[PDB]
Every structure is written in C-alpha cells, then in structure tokens.
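Worksheet: one structure, shown below.
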Amino acid sequence: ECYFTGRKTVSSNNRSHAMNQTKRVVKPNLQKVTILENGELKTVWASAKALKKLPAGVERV
Amino acid sequence: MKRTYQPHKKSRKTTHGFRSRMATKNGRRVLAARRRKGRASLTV
Amino acid sequence: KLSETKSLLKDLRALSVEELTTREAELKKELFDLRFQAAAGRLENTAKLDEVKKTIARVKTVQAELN
Amino acid sequence: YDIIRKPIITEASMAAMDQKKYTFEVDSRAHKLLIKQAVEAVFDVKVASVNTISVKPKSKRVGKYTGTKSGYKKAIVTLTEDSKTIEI
Amino acid sequence: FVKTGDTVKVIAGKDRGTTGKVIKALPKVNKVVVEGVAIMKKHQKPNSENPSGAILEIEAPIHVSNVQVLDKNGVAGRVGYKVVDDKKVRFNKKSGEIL
RNA sequence: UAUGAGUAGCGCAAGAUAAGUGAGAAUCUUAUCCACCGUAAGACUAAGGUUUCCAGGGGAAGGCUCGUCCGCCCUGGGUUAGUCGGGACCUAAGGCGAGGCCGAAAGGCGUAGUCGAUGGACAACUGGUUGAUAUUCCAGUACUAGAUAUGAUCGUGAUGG
RNA sequence: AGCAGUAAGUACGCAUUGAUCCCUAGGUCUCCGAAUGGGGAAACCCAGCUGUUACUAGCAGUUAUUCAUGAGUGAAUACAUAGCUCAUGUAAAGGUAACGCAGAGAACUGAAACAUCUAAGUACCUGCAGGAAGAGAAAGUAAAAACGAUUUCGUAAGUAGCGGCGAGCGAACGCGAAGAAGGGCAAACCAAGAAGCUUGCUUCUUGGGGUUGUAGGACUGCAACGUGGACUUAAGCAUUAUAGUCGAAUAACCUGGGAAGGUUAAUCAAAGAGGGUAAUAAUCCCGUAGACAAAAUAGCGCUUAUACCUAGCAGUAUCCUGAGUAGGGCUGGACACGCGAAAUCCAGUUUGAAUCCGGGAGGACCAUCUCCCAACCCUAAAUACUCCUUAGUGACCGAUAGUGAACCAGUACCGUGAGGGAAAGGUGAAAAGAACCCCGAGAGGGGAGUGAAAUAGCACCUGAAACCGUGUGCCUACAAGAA
C-alpha cells in the first residue's frame, strides 16, 4: 500500500470471450522508494505514476 | 458407550470464558446479539 | 416530631470531619455493640440501626464531602 | 475501622469459649492479619491467629423462587490466654 | 378525599343514609372502614389474641362514592376545598362550610 | 380423553425370625443367625458432582410398589494450614503478542516480552479430638523464612561468566 | 395524613410542628466491564510509587496503550539521526434502535432447461457519520429566445431506449407542487520578514488581493449597504418542558345483596370525553372544559451595539484561473447503455497537452452556432427512519388472540456452544377464606355458621365435549346387520 498515490488494490471484474461474468483484483504499481530528505529519511511505498511525477512537485509533496 | 462431554473446569471454560468469547471481535459480536436479546445470562 | 429535631439539629454547621464528626465519624462510628447487639438479640429496639447509620451517612456525605 | 460483622453462636461456640476461641464474621474484602489487628484494637484481646475458612453461598429455594442466600467468611478467632474474653 | 374525619353519610349501597365517625380512612384503600357501617363479622379461631375467636365485629370498607362527608350541621355534597384561608379550607356545597 | 389394559414390565444378587416403632410395617430401627463380595462388591484419591454431609422435624409430590425411612421436604449446623495442592517461583507443548511484516477492511503472522502444569524447584509429624473438621483444633517435637531487639567488619559477591 | 415498596409480616417505630411521597440539583458511588499498574477463565490474584497513618498494616490517590505536543537523551559514527526517557492533551479507543454513505460482495431464482441477462450490486460482512446523512452552486440542460445550484413528490411513462432484442430491465427533457442562500481559497499580484542570504536571492512565513464567463481579478480609475449572507458572540425580553394547583352542576320512591337501572322531580353549562363506584351516573368520586403554578430545570424564539468580511464602476501593461491535468492506447465499471456508431463520467496501467487569441459540452466524428469555465473547498432548508420521551388514535385484538412473552419471558427447559424455546389471567362486592362440633393417622369430608348465593371454598365466574358413571320405562341369552 502507498499513501500519496491515492487508492489501493481495488476490486474489479473480469470479462472473457462471450463474457463469462468473472472477477479481477486491481493492483497499482508497488515500489518501496526513499527519494528525498527534507527532514524525511522515510522509506515508504510508491506507484510508478507518482514516480514519473516525482518531478511534478513531489520532493516535499 | 462413551459419551461426548465429560468435561473438567478448564474444559467448560477456555472456549466460552468472557475473554475467549470477547477476544476475536466476532464472538463478542454474537455476545452482543446475546445482549440485545438479553437472555438468562451472558457468558455461558 | 422526634426525627426532624433529632436529625436536623446535628451538624449543618461547618465544623469538620476529624473536628466535628468526632461524635459520628469517630465515636458512634463504633457501630459495635448496637450492631453486635444485632443478631445477639436482647435489643428489642430497631430503628437505631438505619437511624444511626443514616446520621453517620449524612455526616459523611455532607460534612465529610464538603471539603 | 470496626468492620467486624457479627459473632456466630453454634454448639461449637461454647467449645470456642472454653478454648478461648471465637467465631466472628467480617466482610469478604479482608485479611486475617488486618482483622487480627482490628480485633486487637477494638477488643484488646490477645490473638494467636485466625483460621482461613469461608462459606459458599446457599442457593436453595426460599419462597416461591430460589433463595439465593449468600456466603460469609467464618472467622475462627484463635486467641492466646491472659486477655479479655467477651461473653456476648 | 382529604382526611376523614367526621360523621359520614352513606347514600347508596347496603345501608342507606347511615352516618358514622371516621379518622382511619387510609385513602390508598380507596374505600373507608367506618364504625357502624358495613358490619363484617369474622369467625376467627380460638388462637392468639382471642382464645375464643368466632366473632370479630370489624367492619368492611365501602367506596368513596358511598362515603359522603357532611359539614357539621349534617350537610353533605361536593367538597369545595382550599378556597378560603392560609393553606386550605374544606367545605361542601349548600353547606354550613365547616371543614 | 380413550384404546390395548389391569396385560407387559416392576431395571442382572437371598435373607431370616423375634422384639421395638407407630396409626399404620415386609420393605423403618435394633438384636440374633444366615448369606455375598473380598486384585473388591474394601480405603484413598483425581476429574467430576456442586452441599447432595450431619442433627432435628415432617411425609404434598419423588423413591418404579408400600413406607414412620431416605441423596425427598422444612429447619439448623457442619469444611479451620508458615509446612497439605495451587498462586505471590520458573518453564515446555501452546497462546497472546508492543515493536515490525504483509494484507479491501476485519485481519493473519511474528522479535522482545507475557502468561500458560500434566513438569522442575521446597519446611511437620506423631497422638488425641466431634454429629461432622483434621498433617489444618490441641499435647509433644520441629524445621523453613522474615522481623525487630544485637560483639560484623571492609563484605556482598550479578540478568554477565 | 398517615408512612413503614412488592404483600401478606413482623416489629421498633416514625409523622399535618410537616412526614411518607413527587420533582430538581448535588453527594457517594462494591467489583467486573472500552476496563487500562501487571498478570489473569467476569464477578480474581499480585504490585510499584506519592503522602497518610501505623504496621512485618491500613487509608487515599498515581502507574495500560496509541496519537499529538513539547522537553531531555544521543548508537553504529563527529554533529545528527534512529532509538530511549519524562511531561502535557479522554484525544480515543468502547456500548450503540433505525435511517445514511463508502468499500467488499454472492447465491437461490426466473428466463419453462441453461452458458448471455435477471435476481441485485440485493442477502451478508467491514468501516465511516449525523440528526438526518449524502446533496449541491452549470467546465449544466436544451435547441429555440431556453433556462438558470441542489433536494423530494407528481408528471412525462414503461415514454425514449437497451437487451441469448428472449425473459426482462429501464430513462432523461420539459412541466406542476414543496422547498426555495450560496460563500470562501489557492492562483496572479502587493507589502513585510528569512533566505539559494551563491550578492540582484526567487524558496519559505505573515497579512492584504480576489475567486471569475461573456471573460474576471491583479495595474490605472473607485463605493461602506448587518450579514446563518458583510460577525448563526454576549445582555435583557418573552414563553415551553420540568413538581402540579383550583375547578361547576341532585333529591326522593320501586326493585333487589346492593341503584347510576325503572319512577318522580330539580340543577348545571369553557365540564353530558373517559374511567371507577357491589347493577348502565352529567349532577358520587377521579376527572373532564377552562383558569392558574415552579425557584432549577433543559430549552425555543424576539431587541440591542458588538461577536467581521463582502459590493458597483470604465479601461486593459502583462500575469493568473486549479498538469501527469484534459486527452490518447489497453483493460474494466457505471451511466437505460449487455463494446456497440457508441456518447459522457470514474477506476488501474501507459503516454501526454494547451492554457484567455484559451479550453470544454452539444450521444462516433468534421465545420457553424448555443451554453459553460472543470481538473481547489465548504453549503441550511425541504428528505429517510425510530430503540427512545409523552400527548394520544383505533369499523386493532381479546388470553391458541394480541409481543416468543397480559402471568417475575427470553422464564422453565433442550443443547458444550453458537442457538432454540415453552405452558399458564379471572372466587367473592368485600376474604367477609368456612369460628366451633363430629368423623377421620393426617388430609379430606360432614354438620354448623359465612356470604345475595358454598354446585361459591382458594388452579374459585360460566360450564359443553370426548371418558367414566349411578339410577331409571322397554327389549334382548336359536342370534351370523355399514348396525
């Protein structure tokens, strides 16, 4: 689970050929990273969308 | 022949004591069913 | 009649627990030999039990509470 | 302080009298050393010790429902000699 | 009512018009033992407090409807009460007003 | 409420007489014989039972019949420890588990730690004693541990080893 | 004006001096339990600290954790950091009637079977909340002048649609009614500080600036409107719950055990609602209609300056206006929408703008036109449901009913447990409950007496029905019948 990436592994539902009414489990991107040090020094998970928008504003946010 | 229950005191508790039933967030729920009905006692 | 005198007279005055209630929260706080005449029998006279416990009761809940 | 409940008068009570013993009652939340020194205070009688025993509650029927009569700790007041017995 | 009391009429019921003194009403009973009125008798055993028994001229209580308080000139009615003085003044209607 | 039906059964073993008891005795009590078990059908002790114990009284139901008798009923007593068993010691198997781990959630795992006896630690044992408690009440002997009262003397010596 | 809950049942007693009682506030509040000094099976054990007061005591309090906030500490390793310690803040854990929201989420069914659908995103489960919640201020709908946030109801109307186009599911628009409130911020800028003080700093902190659609603000102009809205503070006013108070209006006769019934008469009137009373009451009582009453009590509402932030306005130097954002790919889902011509929205994943000459919508989409300004936040009101508090209402129901439960019901009882789950009210007006006497071991009876009544005698009004009877007139012991 990653906090500032928003949501979690959130449930969904699977389709098929002439769909058979099934289920999926949505998983986001899971990366434990520790990028910046503002007073941070804090390891935490992240998602790759938030990785590519680390240079959006994510050094303190 | 032999029957089911020939319990001892540890036997009559340790499934149904107030912390045993209270413990797992679940048996206390069905105890609260037993309270919201409110029968002759609670813990046994 | 009896009880309003013999109750209202006592300790509405503001003297204190080891000070004024020496007669009640110390002296007749020995509830012994009145109780201890209770169930010993040979007493014949009841009302002293909850009467006196009532007086020490009001002694504590007023006088040994107001400070 | 005087939180002795009552004495107890059996036919063994006279044997306690001859033995310089007693059968006294106190509240449950108690200790035999504590009621020992309380007995020493309000009585000035010289105690050896007290025995242990209490009584279970007696849940029979008393009336048209179950008489749930309660227990009480039967205090066996073991004295020493050379003191003031109480004959009440 | 308020505490009876005095001689008290009995209009309806088993004994019409009978008057008789009261003090002993106990209004929670909501029917009043009055001397002379509703003559109960009890065949009591020869036991304690009457070692013959068989006769107890204790009398029955009858309802507030059949109690009728008169003011002192023997005049009953409806108790207008509290009207006049410091705490309370009892009277009946068409009455000589005394208590 | 029948019915079947006054039939099945009366739940694995033998009592017997006399005397008492009462109102009423087969079945209650005693005496006296018989009989049975007796590596038990004895005594003592777990779990269990939760007062059923005993004393006195009574016999609405209960007792598979009777019934004065009773584990039935009313009333009243009856269980006593420094050393007995546990706890105030330790700990397995295990459980719970702050930390942490992962997980829609609840959760489930788990380091430290924590309890957890059936275990391992440790002082009391003879005699008498009731209706009933006895290693518990007391005679005799102890020992264990502490206390305050009292000539030490540097001594204690740990979670470490 | 007696009290001495239940109710007998006793006793000392207690009390118009004012009790008992009713209400309001304060008091103490055993232990367990969120349960929390530590352990522990619920009614436990063992503590530590601080004073107490005495003891190999006792008393009183402090000592669970997480979070937050400080303070100190300071390892590898110098600072630091982790980590540790202390202090402060119920915060906050927890119990929860029903409604809500959000997540997680089936099956059975039905489709005459069934794999698509349905059932329904319902059953369940978890979390988050309040008195309601969400709900919301157009990056909207619509299509011509057409309006102007929402919400609920009716309508449109099963209309448009979708769908093994089966079986089904299913709108919105517009209109009608209720209810009818929108207001901040970041941004841009301006000023202050501190600082990349690497100077001119171009990041942070404070306060103005202003919240925008026909653009709006900043820059040049320039106006003080009460405001839950530009302060839902405090002070008075008023009144309600929260104790209750007064409160009208009648006599006789007949009957009976008893009148209110029948009969004779009279009254009242904001009270002839209803209930008791030995038997049906307006005038007997409770009451009732009205009319008064509360210190404390929880409020509601009105007036007051204050409890504070807003306006118009012309012009447009340039900036701003909500970036991984819209979008695009794929995989989903919701939207009536089952991938379809599929809109439009929201997810994962990937790619990624423009930014006022802008951008978006107008059911693929390309131009013209209409409307709007997202990608920042809050918003009462009309609505949903009651465990609850009374005020109550019944073409509700009368003890197999009515709550499982009119009764000590969730009781007994079953089951180890989760669970289940019974039976039963009525004497008499009043116990006035049958004194005594006799039978009887006793019970029970029988006399007496009791009461209107004793077939009325304690599970007692009324008492069938099956069953058992006892008496009774007739018939049957040469008969083999739906009786």
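Identifiers for the structure tokens are assigned positionally: chains receive A, B, ... in sequence, residues are indexed from 1 per chain, and ligands are indexed from 1 in the order shown.
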- Query: as a ChimeraX atom specification, which residues of chain B does DSSP assign to helix (DSSP H, G or I)?
  - Reply: /B:9-12,18-23,27-37
Now that the selection is made, can you save its residues with N, CA and C atoms as an mmCIF file, in the first residue's frame?
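Result written to result.cif:
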data_model
loop_
_atom_site.group_PDB
_atom_site.id
_atom_site.type_symbol
_atom_site.label_atom_id
_atom_site.label_comp_id
_atom_site.auth_asym_id
_atom_site.auth_seq_id
_atom_site.Cartn_x
_atom_site.Cartn_y
_atom_site.Cartn_z
ATOM 1 N N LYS B 9 -13.066 -28.320 34.519
ATOM 2 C CA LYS B 9 -13.331 -26.886 34.619
ATOM 3 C C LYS B 9 -12.644 -26.097 33.514
ATOM 4 N N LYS B 10 -11.388 -26.438 33.200
ATOM 5 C CA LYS B 10 -10.708 -25.902 32.024
ATOM 6 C C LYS B 10 -11.493 -26.199 30.760
ATOM 7 N N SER B 11 -12.117 -27.372 30.709
ATOM 8 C CA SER B 11 -12.912 -27.768 29.561
ATOM 9 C C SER B 11 -14.168 -26.928 29.426
ATOM 10 N N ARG B 12 -14.833 -26.612 30.540
ATOM 11 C CA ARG B 12 -16.078 -25.865 30.438
ATOM 12 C C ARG B 12 -15.795 -24.401 30.155
ATOM 13 N N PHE B 18 -15.205 -15.177 29.264
ATOM 14 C CA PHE B 18 -15.609 -13.864 28.767
ATOM 15 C C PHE B 18 -14.536 -13.238 27.884
ATOM 16 N N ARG B 19 -13.269 -13.550 28.137
ATOM 17 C CA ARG B 19 -12.219 -13.056 27.255
ATOM 18 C C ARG B 19 -12.059 -13.939 26.032
ATOM 19 N N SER B 20 -12.391 -15.221 26.157
ATOM 20 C CA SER B 20 -12.358 -16.102 24.999
ATOM 21 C C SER B 20 -13.406 -15.676 23.994
ATOM 22 N N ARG B 21 -14.645 -15.571 24.454
ATOM 23 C CA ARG B 21 -15.731 -15.090 23.619
ATOM 24 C C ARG B 21 -15.515 -13.638 23.224
ATOM 25 N N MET B 22 -14.957 -12.838 24.123
ATOM 26 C CA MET B 22 -14.753 -11.428 23.841
ATOM 27 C C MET B 22 -13.651 -11.194 22.819
ATOM 28 N N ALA B 23 -12.701 -12.119 22.716
ATOM 29 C CA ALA B 23 -11.403 -11.896 22.094
ATOM 30 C C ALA B 23 -11.427 -11.497 20.622
ATOM 31 N N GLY B 27 -16.938 -13.290 18.431
ATOM 32 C CA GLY B 27 -17.742 -13.901 19.465
ATOM 33 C C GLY B 27 -18.349 -12.864 20.379
ATOM 34 N N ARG B 28 -17.647 -11.747 20.575
ATOM 35 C CA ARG B 28 -18.240 -10.629 21.290
ATOM 36 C C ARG B 28 -19.392 -10.027 20.507
ATOM 37 N N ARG B 29 -19.340 -10.108 19.173
ATOM 38 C CA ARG B 29 -20.478 -9.657 18.386
ATOM 39 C C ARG B 29 -21.677 -10.544 18.637
ATOM 40 N N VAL B 30 -21.468 -11.859 18.683
ATOM 41 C CA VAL B 30 -22.623 -12.725 18.901
ATOM 42 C C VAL B 30 -23.026 -12.699 20.372
ATOM 43 N N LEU B 31 -22.103 -12.295 21.246
ATOM 44 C CA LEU B 31 -22.462 -11.999 22.623
ATOM 45 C C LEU B 31 -23.306 -10.753 22.696
ATOM 46 N N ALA B 32 -23.054 -9.804 21.804
ATOM 47 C CA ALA B 32 -23.850 -8.590 21.788
ATOM 48 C C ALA B 32 -25.204 -8.866 21.172
ATOM 49 N N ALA B 33 -25.271 -9.874 20.308
ATOM 50 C CA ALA B 33 -26.562 -10.420 19.943
ATOM 51 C C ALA B 33 -27.231 -11.022 21.165
ATOM 52 N N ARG B 34 -26.448 -11.697 21.999
ATOM 53 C CA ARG B 34 -26.985 -12.298 23.207
ATOM 54 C C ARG B 34 -27.336 -11.244 24.251
ATOM 55 N N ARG B 35 -26.793 -10.039 24.112
ATOM 56 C CA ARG B 35 -27.168 -8.951 24.997
ATOM 57 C C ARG B 35 -28.383 -8.220 24.460
ATOM 58 N N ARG B 36 -28.425 -7.998 23.143
ATOM 59 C CA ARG B 36 -29.545 -7.286 22.546
ATOM 60 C C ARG B 36 -30.792 -8.139 22.560
ATOM 61 N N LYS B 37 -30.630 -9.449 22.656
ATOM 62 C CA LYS B 37 -31.746 -10.252 23.102
ATOM 63 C C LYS B 37 -31.850 -10.198 24.617
#
- Residues at most 9 Å from residue 105 in chain G, counting only C-alpha atoms (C1' of nucleotides), excluding those fewer than 2 positions away in the same chain, as an MDAnalysis selection string? chainID G and resid 121 124:125
Restrict the calculation to only C-alpha atoms (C1' of nucleotides), then for each residue of chain D with any atom at most 12 Å from an atom of chain G give the closest atom pair and their distance in Å to one decimal, rows by chain and rising residue number, as a Markdown table.
| residue | atom | partner | partner_atom | distance |
| --- | --- | --- | --- | --- |
| D:1 | CA | G:58 | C1' | 9.4 |
| D:27 | CA | G:30 | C1' | 11.3 |
| D:28 | CA | G:30 | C1' | 10.8 |
| D:29 | CA | G:30 | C1' | 9.6 |
| D:30 | CA | G:58 | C1' | 11.1 |
| D:31 | CA | G:57 | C1' | 10.1 |
| D:32 | CA | G:57 | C1' | 11.0 |
| D:33 | CA | G:57 | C1' | 7.8 |
| D:34 | CA | G:57 | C1' | 6.4 |
| D:35 | CA | G:57 | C1' | 9.9 |
| D:36 | CA | G:57 | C1' | 10.1 |
| D:37 | CA | G:57 | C1' | 8.0 |
| D:38 | CA | G:57 | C1' | 9.8 |
| D:64 | CA | G:408 | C1' | 10.4 |
| D:65 | CA | G:408 | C1' | 9.2 |
| D:66 | CA | G:408 | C1' | 11.9 |
Could the residues in this selection be saved with N, CA and C atoms as a compact mmCIF listing (two decimals), in the first residue's frame?
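Saved the output as out02.txt:
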# COMPACT_ATOMS: atom_id res chain seq x y z
N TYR D 1 -13.50 1.47 60.79
CA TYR D 1 -12.45 0.58 61.23
C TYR D 1 -13.06 -0.68 61.79
N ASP D 27 -16.49 -8.70 56.61
CA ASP D 27 -16.71 -8.58 55.18
C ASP D 27 -15.71 -9.45 54.42
N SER D 28 -16.04 -9.72 53.16
CA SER D 28 -15.23 -10.59 52.33
C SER D 28 -13.88 -9.96 51.99
N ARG D 29 -13.87 -8.67 51.67
CA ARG D 29 -12.66 -7.98 51.24
C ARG D 29 -11.74 -7.75 52.45
N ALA D 30 -11.04 -8.81 52.84
CA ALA D 30 -10.41 -8.82 54.15
C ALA D 30 -9.12 -9.62 54.14
N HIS D 31 -8.40 -9.56 55.27
CA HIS D 31 -7.20 -10.32 55.53
C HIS D 31 -7.13 -10.61 57.02
N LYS D 32 -6.73 -11.83 57.36
CA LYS D 32 -6.77 -12.26 58.75
C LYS D 32 -5.76 -11.52 59.63
N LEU D 33 -4.69 -10.99 59.04
CA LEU D 33 -3.81 -10.11 59.79
C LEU D 33 -4.47 -8.77 60.04
N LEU D 34 -5.24 -8.30 59.06
CA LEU D 34 -5.87 -6.99 59.17
C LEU D 34 -7.00 -7.01 60.19
N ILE D 35 -7.89 -8.00 60.09
CA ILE D 35 -8.92 -8.12 61.10
C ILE D 35 -8.34 -8.62 62.41
N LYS D 36 -7.17 -9.25 62.36
CA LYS D 36 -6.46 -9.57 63.58
C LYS D 36 -6.10 -8.31 64.34
N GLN D 37 -5.46 -7.34 63.67
CA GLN D 37 -5.12 -6.12 64.38
C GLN D 37 -6.33 -5.25 64.65
N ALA D 38 -7.40 -5.40 63.87
CA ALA D 38 -8.62 -4.68 64.18
C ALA D 38 -9.26 -5.23 65.45
N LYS D 64 -41.31 -18.72 46.81
CA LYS D 64 -41.78 -19.27 45.55
C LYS D 64 -40.76 -19.17 44.44
N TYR D 65 -39.55 -18.67 44.73
CA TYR D 65 -38.42 -18.75 43.82
C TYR D 65 -37.19 -19.14 44.64
N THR D 66 -36.03 -19.13 44.01
CA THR D 66 -34.85 -19.75 44.60
C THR D 66 -34.19 -18.81 45.60
- Message: Contacts from chain C to chain D, 9 Å maximum, only C-alpha atoms: show me the residue list as a ChimeraX atom specification.
- Response: /C:29-32,35-40
- Neighbours of residue 2 in chain E within 12 Å (only C-alpha atoms (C1' of nucleotides); same-chain residues fewer than 3 positions away dropped), as a count of residues only? 26
- When you get a sec, could you note down which chain E residues fall within 8 Å of chain G, using only C-alpha atoms (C1' of nucleotides), as a PyMOL selection string? chain E and resi 3+12-14+26+40-46+53-55+60-61+63-66
- Message: Residues within 12 Å of range 26-35 of chain A, please, as a VMD selection string. Count only C-alpha atoms (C1' of nucleotides); anything in the same chain fewer than 4 positions from it doesn't count.
- Response: (chain A and resid 1 to 3 5 to 14 39 to 52 54 to 55 58 to 61) or (chain F and resid 104) or (chain G and resid 331 to 333 347 to 350)
Store the residues picked out above, limited to C-alpha atoms (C1' of nucleotides), as a PDB file, in the first residue's frame.
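Once written, selection-v1.pdb looks like this:
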ATOM      1  CA  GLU A   1       0.000   0.000   0.000  1.00  0.00           C
ATOM      2  CA  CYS A   2       1.203   3.520  -0.832  1.00  0.00           C
ATOM      3  CA  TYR A   3      -0.245   6.647   0.737  1.00  0.00           C
ATOM      4  CA  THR A   5      -0.579   7.566  -4.676  1.00  0.00           C
ATOM      5  CA  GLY A   6      -4.215   7.655  -3.672  1.00  0.00           C
ATOM      6  CA  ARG A   7      -6.016   4.347  -3.760  1.00  0.00           C
ATOM      7  CA  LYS A   8      -5.134   0.684  -3.240  1.00  0.00           C
ATOM      8  CA  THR A   9      -5.521  -2.710  -4.773  1.00  0.00           C
ATOM      9  CA  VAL A  10      -9.211  -2.177  -5.540  1.00  0.00           C
ATOM     10  CA  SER A  11     -11.520  -4.927  -6.784  1.00  0.00           C
ATOM     11  CA  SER A  12     -12.923  -5.257 -10.294  1.00  0.00           C
ATOM     12  CA  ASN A  13     -14.499  -7.826 -12.580  1.00  0.00           C
ATOM     13  CA  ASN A  14     -13.188  -9.931 -15.441  1.00  0.00           C
ATOM     14  CA  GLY A  39      13.728  16.047   7.143  1.00  0.00           C
ATOM     15  CA  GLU A  40      12.331  12.924   5.563  1.00  0.00           C
ATOM     16  CA  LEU A  41      14.660   9.871   5.871  1.00  0.00           C
ATOM     17  CA  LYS A  42      11.478   7.792   5.444  1.00  0.00           C
ATOM     18  CA  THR A  43      11.148   4.632   3.426  1.00  0.00           C
ATOM     19  CA  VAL A  44       7.656   4.150   2.007  1.00  0.00           C
ATOM     20  CA  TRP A  45       5.911   2.507  -0.937  1.00  0.00           C
ATOM     21  CA  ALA A  46       5.022   4.375  -4.113  1.00  0.00           C
ATOM     22  CA  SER A  47       3.414   3.873  -7.509  1.00  0.00           C
ATOM     23  CA  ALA A  48       5.176   4.378 -10.818  1.00  0.00           C
ATOM     24  CA  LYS A  49       2.800   7.127 -11.905  1.00  0.00           C
ATOM     25  CA  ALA A  50       3.911   9.015  -8.818  1.00  0.00           C
ATOM     26  CA  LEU A  51       7.450   8.010  -9.738  1.00  0.00           C
ATOM     27  CA  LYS A  52       7.223   9.708 -13.102  1.00  0.00           C
ATOM     28  CA  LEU A  54       8.232  12.853  -8.692  1.00  0.00           C
ATOM     29  CA  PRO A  55       9.419  15.922 -10.722  1.00  0.00           C
ATOM     30  CA  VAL A  58       7.000  15.532  -5.253  1.00  0.00           C
ATOM     31  CA  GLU A  59      10.147  16.306  -3.323  1.00  0.00           C
ATOM     32  CA  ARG A  60       8.223  17.502  -0.279  1.00  0.00           C
ATOM     33  CA  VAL A  61       4.732  16.629  -1.554  1.00  0.00           C
TER      34      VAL A  61
ATOM     35  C1'   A F 104     -10.076  -4.360   0.598  1.00  0.00           C
TER      36        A F 104
ATOM     37  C1'   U G 331      -8.112  -3.391 -19.511  1.00  0.00           C
ATOM     38  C1'   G G 332     -12.529  -2.589 -16.634  1.00  0.00           C
ATOM     39  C1'   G G 333     -17.040  -0.474 -14.458  1.00  0.00           C
ATOM     40  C1'   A G 347     -11.106   3.478 -11.985  1.00  0.00           C
ATOM     41  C1'   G G 348      -5.995   0.605 -12.939  1.00  0.00           C
ATOM     42  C1'   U G 349      -1.896   0.908 -16.453  1.00  0.00           C
ATOM     43  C1'   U G 350       0.768   3.659 -20.126  1.00  0.00           C
TER      44        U G 350
END
Cut-off 12 Å: closest chain G/chain C atom pairs per residue, using only C-alpha atoms (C1' of nucleotides), as JSON lines:
{"residue": "G:4", "atom": "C1'", "partner": "C:47", "partner_atom": "CA", "distance": 11.0}
{"residue": "G:10", "atom": "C1'", "partner": "C:46", "partner_atom": "CA", "distance": 12.0}
{"residue": "G:11", "atom": "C1'", "partner": "C:46", "partner_atom": "CA", "distance": 7.7}
{"residue": "G:12", "atom": "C1'", "partner": "C:46", "partner_atom": "CA", "distance": 4.6}
{"residue": "G:13", "atom": "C1'", "partner": "C:47", "partner_atom": "CA", "distance": 6.6}
{"residue": "G:14", "atom": "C1'", "partner": "C:3", "partner_atom": "CA", "distance": 7.7}
{"residue": "G:15", "atom": "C1'", "partner": "C:1", "partner_atom": "CA", "distance": 6.7}
{"residue": "G:16", "atom": "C1'", "partner": "C:1", "partner_atom": "CA", "distance": 10.8}
{"residue": "G:17", "atom": "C1'", "partner": "C:1", "partner_atom": "CA", "distance": 6.8}
{"residue": "G:18", "atom": "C1'", "partner": "C:1", "partner_atom": "CA", "distance": 8.7}
{"residue": "G:19", "atom": "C1'", "partner": "C:1", "partner_atom": "CA", "distance": 8.6}
{"residue": "G:26", "atom": "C1'", "partner": "C:62", "partner_atom": "CA", "distance": 9.9}
{"residue": "G:27", "atom": "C1'", "partner": "C:61", "partner_atom": "CA", "distance": 5.7}
{"residue": "G:28", "atom": "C1'", "partner": "C:61", "partner_atom": "CA", "distance": 6.4}
{"residue": "G:29", "atom": "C1'", "partner": "C:61", "partner_atom": "CA", "distance": 11.0}
- Query: Just how far from CA of residue 54 in chain D is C1' of residue 51 in chain F, in Å to one decimal?
  - Reply: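 These atoms are spaced 14.1 Å apart.
Between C1' of residue 221 in chain G and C1' of residue 314 in chain G lies a distance of 7.3 Å.
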- How far is it from CA of residue 24 in chain C to CA of residue 25 in chain D, in Å with one decimal? 23.4 Å
